[PDB]
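We count ligands from 1, going down the list as the structure has it; atoms in each ligand are counted the same way. All values below were derived from every heavy atom in this structure, side-chain atoms included, with hydrogens, water molecules and symmetry-related copies excluded. Throughout, a chain's letter reflects where its sequence line sits, starting with A, and its residues are numbered from 1.
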Amino acid sequence: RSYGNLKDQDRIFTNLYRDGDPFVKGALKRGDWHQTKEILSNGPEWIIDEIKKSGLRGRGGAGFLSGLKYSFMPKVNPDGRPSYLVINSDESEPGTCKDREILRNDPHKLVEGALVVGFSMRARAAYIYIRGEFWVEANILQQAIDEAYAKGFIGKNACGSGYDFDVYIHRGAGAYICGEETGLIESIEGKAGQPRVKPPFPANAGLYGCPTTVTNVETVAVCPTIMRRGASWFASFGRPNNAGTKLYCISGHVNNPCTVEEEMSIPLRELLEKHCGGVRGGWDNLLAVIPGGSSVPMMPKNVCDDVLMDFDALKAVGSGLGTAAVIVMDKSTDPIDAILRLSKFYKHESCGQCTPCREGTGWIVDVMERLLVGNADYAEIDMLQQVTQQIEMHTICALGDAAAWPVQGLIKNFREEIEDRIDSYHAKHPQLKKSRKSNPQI
Amino acid sequence: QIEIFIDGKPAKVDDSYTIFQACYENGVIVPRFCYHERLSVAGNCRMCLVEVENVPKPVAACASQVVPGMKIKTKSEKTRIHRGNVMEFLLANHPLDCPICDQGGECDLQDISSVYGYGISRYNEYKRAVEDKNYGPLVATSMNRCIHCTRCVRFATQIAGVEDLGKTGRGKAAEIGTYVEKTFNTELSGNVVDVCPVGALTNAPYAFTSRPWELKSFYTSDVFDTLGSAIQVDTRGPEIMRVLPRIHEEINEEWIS
Amino acid sequence: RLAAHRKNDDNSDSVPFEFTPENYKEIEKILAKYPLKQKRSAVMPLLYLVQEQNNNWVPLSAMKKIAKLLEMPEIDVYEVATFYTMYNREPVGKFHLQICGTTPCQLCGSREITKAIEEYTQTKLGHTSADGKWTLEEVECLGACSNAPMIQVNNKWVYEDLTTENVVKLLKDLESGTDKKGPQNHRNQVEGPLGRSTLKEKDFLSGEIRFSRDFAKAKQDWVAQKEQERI
Amino acid sequence: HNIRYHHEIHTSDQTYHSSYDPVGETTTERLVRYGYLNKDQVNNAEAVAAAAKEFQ
Amino acid sequence: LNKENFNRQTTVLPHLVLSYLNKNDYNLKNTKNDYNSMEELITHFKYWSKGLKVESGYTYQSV
Amino acid sequence: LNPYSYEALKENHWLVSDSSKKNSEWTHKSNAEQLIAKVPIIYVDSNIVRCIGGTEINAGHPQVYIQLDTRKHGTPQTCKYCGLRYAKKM
Ligand SMILES: Cc1cc2nc3c(=O)[nH]c(=O)nc-3n(C[C@H](O)[C@H](O)[C@H](O)COP(=O)(O)O)c2cc1C
Ligand code: SF4
Ligand code: SF4
Ligand code: SF4
Ligand code: FES
Ligand code: FES
Ligand SMILES: [Zn+2]
C-alpha cells in the first residue's frame with residue numbers, strides 16, 4: 001500500500017499546534033489520565049507484552065525495540081536497591097525540535113507514560129533530564145508535575161493502585177554529550193558527564209549503581225495511548241518492523257518548515273510536497289537531504305527521489321532515520337560549508353575523555369577548513385576518508401561515529417565538487433616551492 | 001576456570017580476569033598508557049585495543065573481561081592497524097620536546113611508538129599549547145606533553161588521599177590539574193611523577209642533570225624512616241643521582257615517601 | 001573559554017558570597033529531590049541558584065560554598081562548573097545574546113542576522129561591549145530548527161524567525177523591555193508559515209476525546225493464550 | 001599522506017628445521033628408546049605389533 | 001632541449017629509478033624530518049640514543 | 001629582594017636567582033644568559049605563537065608552539081630551545 005495520508009483521528013499529539021490548554025484541565029479534556037487505574041491493575045508483564053506486540057521502536061536515534069529493552073530490566077532486587085527510569089528529554093541533535101513541542105504542548109502525556117513505564121519495570125522514581133536551553137519547557141513540565149501531585153496521579157497512592165512513583169526534573173546545562181545515556185547518568189550523579197565503558201550496561205549497573213534505563217520522550221509519551229488504543233492499532237501504521245506513527249521536523253531550504261506527525265515509512269518526496277510546500281524553487285532545485293539528525297550521512301537527489309522515511313529504507317541507501325529530522329538544501333547551498341559547520345559542531349561537543357575523538361574532531365575541522373578554500377591536495381580527500389575511518393568504531397561511545405559519518409557522506413557524494421574547488425584554487429594560485437612548516441592558523 | 005585462545009595457543013584462566021591480565025600472565029605484552037596495576041580501571045586511551053573474532057569493534061584489553069572460548073589475535077594485521085591509528089592520534093598534538101624532555105630514554109610513548117606505531121606522521125597543523133602550572137619545588141610541570149591519561153588524578157584520589165587534582169574543561173582544550181594556583185603539597189607527592197608516563201610531570205630536583213642510559217642501579221633499603229623501604233639507587237660515577245622505589249608487597253608496596 | 005581560573009581582582013577568595021534565605025529554602029527542596037547519600041547530585045541545580053542571585057555568573061567563592069554545603073571536594077565543583085558552557089565563570093554583560101550558528105540555522109541566514117546584530121550593537125561576534133550592555137556570543141543548535149534563524153537571551157528567552165530589520169526591532173524592544181516572546185512574525189509556535197497542513201479537523205479537536213478498552217478481558221485473554229501455547 | 005604501509009609486512013626471516021633419527025637404528029631400538037616397549041618383551045610378535053600401533 | 005630545467009646541465013639523474021618505483025617512500029623522506037614531525041623526532045632520538053633493535057638470530061654474510 | 005626568600009624562589013621555578021646574570025660565565029662557561037637577556041619581548045597578535053629559531057626548517061630548532069592565553073593577561077613566555085620571549089599584544 002501507499003504509506004502516508006494519515007487521518008486526524010489517528011494523531012496522538014493533538015495539542016502539537018496549541019489548540020487547547022496544555023495543563024491538567026486540557027489534558028483531561030483531551031483524554032489524558034483516562035483509565036490509568038485499569039492499566040496499572042494489570043501486571044507489569046502484560047504491559048511489557050503489549051509494548052512488545054505494538055512494535056514501537058526507540059525514537060532517540062537508534063531504533064532499538066522498546067519492549068525488549070524494557071524487558072531487559074531485572075524483575076527483583078535482592079539487595080533492596082531501587083530501580084530508576086530516566087527520560088532523555090535532552091535534545092541537542094542539530095535539526096531535531098520535536099521533544100520541545102511535546103513538552104511545551106503535551107506534558108501530561110509524558111508524565112502518564114513515565115508512570116506506566118516505571119510501573120512496567122518496577123521503578124521507584126522517574127528522572128526527566130531536560131537541557132538547560134529548554135527553560136520554558138522545563139517550567140511547563142514542572143507545573144504539570146505539580147498538578148499531577150495535586151490531583152493524586154503520582155506519588156503515594158498513584159492512581160489508587162498502591163504503587164509509589166515520584167517524578168523529578170533534573171535540569172542539565174549546555175552539553176550535547178549529556179544526551180548519551182551513560183554520560184547522562186554521570187551528569188545526574190554530580191559529575192562532568194563523560195560516557196562510561198560498557199559493559200556493564202545500565203540494566204545491571206546504572207544510576208547510583210542501581211539498575212537504570214534511559215529512553216526518549218516520544219516513546220514514553222506514546223506508550224499510554226498505545227496501551228489504551230491497543231497494539232494492533234499502532235502496528236497498523238507503517239511498514240513491517242517500522243510500525244507506528246512518527247514526528248517529522250523539517251527545516252532549511254523548504255517552503256514551509258514545520259513539525260508534523262505522519263505514518264511511518266512515508267515517501268520522502270510525498271512528505272515534502274504534501275506538508276512542507278515543496279523544495280524552494282521546485283524539486284529540481286534540490287541538492288541534498290539529511291534524513292535524520294546531523295549524525296546521519298547526507299543523501300543525494302538520486303536516492304531522495306524514491307526513498308521512504310523509516311529505519312530499514314534509509315539504512316539500505318547509506319543513511320538512517322535517526323531522530324526524523326529533515327534538512328533540505330538548494331542548489332545555492334555549499335555542501336562543503338554545511339559539512340564544515342557540522343564538523344565544527346562535533347568538535348565543540350566532544351567530551352575529550354578518549355583519544356581518537358578528542359584529536360580527530362580537531363583534525364577533521366582543520367582539514368575541512370582548507371578543503372573549503374581549495375588550498376589542499378587531491379590526496380587529502382582520501383586522507384580525510386581514512387582519518388574518519390580511524391576515528392569511528394575505535395572510541396568509548398558512539399559520538400565518534402556521529403562525527404565521522406557526515407564527512408564520509410560529503411566525500412562520497414561530492415568528491416567531484418571538492419576536486420573542482422581545489423582545481424580552481426590551484427589554477428588561480430601558482431606555487432612551486434612547498435613549505436616544510438605547518439599550515440597557517442585559521 | 002575457563003579456556004581462552006591467545007594467538008592460537010589455548011590457555012586456562014579464571015573467569016574474573018581481564019584480557020590484559022590473561023595476556024600478561026601468558027607472557028604476551030600489550031601496550032598501554034592509562035592502565036595501572038594499582039589504580040582503578042580507566043579506558044580513556046585506546047592503545048590496548050586488540051582484535052577478537054565475532055566482535056566487530058576492537059576491544060580494550062585492560063577494561064574487558066575474558067569470555068569462555070574467545071580468541072585474541074595480538075599479531076594480526078588488524079591489531080597493527082588499530083595500534084597505528086591510536087598512536088597517530090596520540091602523537092598528533094604531542095610537542096617536539098624529546099631533547100629537552102626528562103622522559104627521553106625512558107618514555108613509554110617513545111618505545112611504544114617505535115615498536116607499534118606506523119613510524120611517520122602526516123599531521124601538518126598547529127598543535128595545542130598549554131601554559132605550565134606551579135606545583136612546588138618537587139614536581140615540575142610541562143603540560144604540553146600530557147595525554148589526559150588520568151593516572152595522576154587516580155593516584156591522588158585513591159593512593160595519596162588528597163583531592164586537589166582533576167580535569168577541567170571539555171574536548172581538546174580540557175586541562176589536567178588544579179583549577180586555582182595551588183601547590184601539590186603532600187607526602188608521597190613525588191610518586192605521582194613515577195606514575196605519569198610522559199614528561200608532563202617530572203622530578204624537579206632531578207631536572208636536566210642525567211639521562212637513563214648513563215646510570216648504574218643498586219638495590220638497597222632506606223633508613224630515613226623505621227620502615228625499611230626497598231629502594232633503587234641510580235648513580236653516575238662517584239655521584240649518586242636519584243632514588244626510586246621498588247616492589248616488595250610487604251613493605252611500602254610500590255611507593256616511597 | 002579558558003579551562004582555568006583567571007586572576008581577577010573582583011573574583012578572588014576575599015570576595016564574599018552567601019545564599020539568600022529563599023535560596024536556602026530552594027536548596028533544601030533540591031536536596032529533598034535526591035537521596036540522602038547523593039547530595040553531590042545537587043551540584044548542578046545549586047549552581048543555577050548562584051547564577052540566579054549573582055548577575056548571571058558564578059564566582060569562585062560561591063563554588064567553594066557549594067562544595068562545603070554538599071560535603072564534596074572543591075575540585076569536583078570546579079570540574080562541573082567548567083565542563084558545562086552554560087555556566088558563566090566571569091561577569092557578563094546586561095544582555096547576553098547567544099546567536100545560533102549550526103547548519104539548520106546557517107541555511108536560513110544566521111550569518112546575516114549576526115552581522116545585523118554586530119552593526120547595531122557595535123560589538124563583535126564573540127565580545128562584550130564597552131558599556132557592558134551587550135555580550136554577543138555564538139552557540140550551537142538550540143532545538144528550535146523549524147523556526148530558524150533564532151537566538152536566545154540570558155539563557156532564559158528564545159526569539160525565532162529573525163530577519164535583518166526584525167532583529168534590530170527585537171534588540172530595540174529588549175532595550176526598552178517591551179519585546180515579544182517566541183517568533184517575531186505571524187508564525188504561531190512550531191506550525192509553519194502559510195498556515196498549517198494537518199490537524200484540520202476541529203469537531204474532534206474541540207470536544208471530549210476518549211478511547212476505552214476492557215483491560216480485564218485483555219488480561220484474561222493474554223493469560224489464556226499463553227497457558228494454551230505453553231500446554 | 002599515505003603512511004599505513006611505510007613498514008614492511010613480509011620479511012625474509014623464515015627458518016626451516018629438520019630432525020632425523022639415527023640411520024643405523026633398527027625398528028626395535030626405536031620402539032624401546034621412545035617408551036613404547038621394554039627390553040624384556042623383545043622378540044615377541046604381539047609386543048612388537050602393539051608398540052608399532054602405539055607409535056603410529 | 002630544456003632551458004631552465006636541471007636536466008639541461010647533464011644527462012645523469014641519480015634519482016630517476018628511485019623516484020620512479022618507490023614514489024611514496026621518496027615523497028615521505030623528502031617532506032618529513034625530525035624538525036617538523038613527532039614520529040620522525042622520536043625515531044631520531046631512539047636511533048642516536050640506544051640504536052636500532054635487531055631480532056635475535058645468527059647470520060653469515062660474505063663479500 | 002632576597003634570592004633565598006619564599007617569593008623569589010616561587011617566582012623563579014624554585015631556583016636561586018641571579019639578577020646580575022654574571023655567575024654563568026663561570027658555572028656555565030659562557031655569557032649566553034646576558035646576550036639572551038639583551039633581546040626584548042616580542043608581542044604577538046594571536047593567542048598561540050610558533051617558534052623554530054630561524055627562517056627555515058632545519059636552521060634552528062624543531063617546531064614548538066607556545067600558549068599566550070595565560071591566567072594573568074599578558075604574561076610573557078619563554079621558548080625552551082631558544083631564549084626568545086613572547087607575549088600577547090595588549
Ligand atoms: C552522542 C549521542 C547523543 C545522543 N543524544 C540523544 C538525545 O538528545 N536524545 C535521545 O533521546 N537520545 C539520544 N541519544 C541516544 C541515547 O544514547 C539512547 O540510545 C536512547 O536515548 C535510547 O532511547 P530510545 O530507545 O527511546 O531511542 C544519543 C546518543 C549519542 C551516542
Ligand atoms: S567518543 Fe568523544 S564524546 Fe564519546 S567518550 Fe570519546 S571523547 Fe567523549
Ligand atoms: S614525554 Fe618527552 S621523551 Fe616522551 S615522547 Fe613525549 S616529549 Fe619525547
Ligand atoms: S599530567 Fe601526565 S600522568 Fe597526569 S593525567 Fe596528564 S598525561 Fe597522565
Ligand atoms: S590501557 Fe586500556 S584503555 Fe588505556
Ligand atoms: S540549528 Fe539553530 S536551533 Fe537548531
Ligand atoms: Zn625557539
Side-chain angles (χ1 to χ4, degrees), chain A residues 175-180 182-183 186 192-198 346-361 391-404, chain B residues 33-34 36 39 42-46 87 89-91 93-114 117 130 132-133 135 139-156 165-167 170-172 174-177 184 192-202 211-212, chain E residues 38-39 41-46 49, chain F residues 62 64 80:
Chain A
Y176 171 60
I177 191 52
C178 278
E180 190 276 331
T182 54
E186 291 280 271
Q194 291 177 151
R196 297 156 168 194
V197 159
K198 39 179 81 170
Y346 276 106
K347 173 182 146 194
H348 169 246
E349 302 302 326
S350 168
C351 71
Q353 190 190 356
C354 79
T355 316
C357 174
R358 176 178 71 232
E359 275 85 5
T361 48
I391 296 163
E392 81 179 3
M393 204 189 148
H394 285 70
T395 43
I396 276 172
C397 85
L399 189 149
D401 310 335
Chain B
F33 285 116
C34 80
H36 194 287
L39 319 173
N44 63 7
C45 82
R46 328 282 302 160
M87 192 64 264
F89 284 138
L90 267 171
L91 285 192
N93 280 274
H94 208 68
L96 300 176
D97 268 19
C98 297
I100 61 171
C101 184
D102 278 349
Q103 207 61 222
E106 46 182 21
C107 188
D108 263 346
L109 203 66
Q110 268 182 337
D111 275 22
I112 283 182
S113 172
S114 294
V130 188
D132 300 13
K133 276 82 72 175
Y135 288 172
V139 179
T141 56
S142 194
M143 304 294 332
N144 273 344
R145 291 156 207 170
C146 174
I147 62 179
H148 305 59
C149 83
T150 317
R151 263 175 173 220
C152 52
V153 181
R154 289 179 278 143
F155 172 79
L165 285 177
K167 190 267 291 181
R170 206 163 75 201
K172 209 190 81 162
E175 281 170 32
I176 293 287
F184 191 40
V192 73
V193 174
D194 307 315
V195 189
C196 174
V198 293
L201 309 170
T202 53
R211 279 286 181 198
Chain E
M38 180 85 236
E39 274 90 331
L41 182 71
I42 289 181
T43 298
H44 171 105
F45 195 101
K46 291 314 284 307
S49 85
Chain F
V64 290
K80 286 155 175 224

Taking both backbone and side-chain atoms into account, decide whether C397(A) has an N/O/S atom under 2.8 Å from atom 4 (Fe) of ligand 2. yes
One finds that the ligand 2 atoms under 4.0 Å from a non-hydrogen atom of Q353(A) are 5 (S), 7 (S)
Ligand 3 atoms nearer than 4.0 angstrom to some heavy atom of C98(B) are 3 (S), 5 (S), 7 (S), 8 (Fe)
**Request:** Would you confirm whether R145(B), through its side chain, and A200(B), through its main-chain N or O, come within 3.5 Å as a donor-acceptor pair?
**Result:** no
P197(B) and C107(B) have their tightest heavy-atom pair at O-SG, 3.8 Å
So the atoms of ligand 3 within less than 4.0 Å of a heavy atom of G104(B) turn out to be 3 (S)
_Do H148(B) and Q353(A) have side chains that approach each other closer than 4.5 Å (heavy atoms only, starting at C-beta)?_
no
In ligand 3, the atoms that come under 4.0 Å of a heavy atom of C101(B) are 1 (S), 2 (Fe), 3 (S), 7 (S)
Value for CG (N93(B)) from CE (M38(E)), rounded to nearest 0.5 Å, stands at 11.5 Å
Numbered in order shown, the ligand 2 atoms found under 4.0 Å of a heavy atom of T395(A) are 1 (S)
Note: ligand 4 atoms sitting under 4.0 Å from heavy atoms of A200(B) are 1 (S), 2 (Fe)
*Under 4.5 Å between any side-chain heavy atoms of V198(B) and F33(B), yes or no?*
no
**OP:** For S142(B) and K80(F), test the side chains for any donor-to-acceptor distance below 3.5 angstrom and give the result as yes or no.
**Re:** yes
Minimum side-chain heavy-atom gap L165(B)-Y135(B) below 4.5 Å
yes
Numbered in order shown, the ligand 4 atoms found under 4.0 Å of a heavy atom of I147(B) are 7 (S)
A student checking ligand 3 against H94(B) at a 4.0 Å heavy-atom cut-off should list atoms 1 (S), 5 (S), 6 (Fe), 7 (S)
(request) Take atom NZ of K133(B) as the centre, draw a 6.0 Å sphere, and report whether it contains more than 12 heavy atoms from other residues, nucleotides or ligands. (result) yes
A student checking ligand 4 against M143(B) at a 4.0 Å heavy-atom cut-off should list atoms 1 (S)
Atoms of ligand 3 under 4.0 Å from any heavy atom of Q110(B), numbered from 1 in the order shown, are 3 (S), 5 (S), 8 (Fe)
A student checking ligand 2 against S350(A) at a 4.0 Å heavy-atom cut-off should list atoms 2 (Fe), 7 (S)
Next on the checklist: Within the structure provided, determine whether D401(A) and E392(A) are in side-chain contact (heavy-atom separation under 4.5 Å).
Outcome noted: yes
For atom 8 (Fe) of ligand 2, the closest protein heavy atom turns out to be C351(A) SG, 2.3 Å
Numbered in order shown, the ligand 2 atoms found under 4.0 Å of a heavy atom of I177(A) are 3 (S)
Heteroatom test (N, O or S) for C149(B) near atom 6 (Fe) of ligand 4, limit 2.8 Å:
no
Interatomic distance, SG@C357(A) vs CZ@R46(B), rounded to 0.5 Å, equals 11.0 Å
For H36(B) and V195(B), the nearest pair of non-hydrogen atoms, with its separation, is CD2-CG1, 4.2 Å
In ligand 2, the atoms that come under 4.0 Å of a heavy atom of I396(A) are 5 (S)
for atom 2 (Fe) of ligand 2, nearest protein heavy atom and its distance come out as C357(A) SG, 2.3 Å
Problem - No-hydrogen, no-angle side-chain donor-acceptor test under 3.5 Å, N44(B) and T150(B) - result: yes
Partner of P195(A) under side chain to side chain contact (heavy atoms under 4.5 Å, CB included), picked from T395(A), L399(A), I177(A), is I177(A)
among protein heavy atoms, the one nearest atom 6 (Fe) of ligand 2 is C354(A) SG, 2.3 Å
Under 4.0 Å from one or more heavy atoms of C107(B), ligand 3 contributes atoms 1 (S), 3 (S), 4 (Fe), 5 (S)
Atom 4 (Fe) of ligand 4: closest protein heavy atom, distance to 0.1 Å, is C152(B) SG, 2.3 Å
Checklist entry - Does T150(B) come within less than 4.0 Å of ligand 4, judged by its heavy atoms? => result yes
Atom 1 (S) of ligand 3 has as its nearest protein heavy atom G199(B) N, 3.1 Å
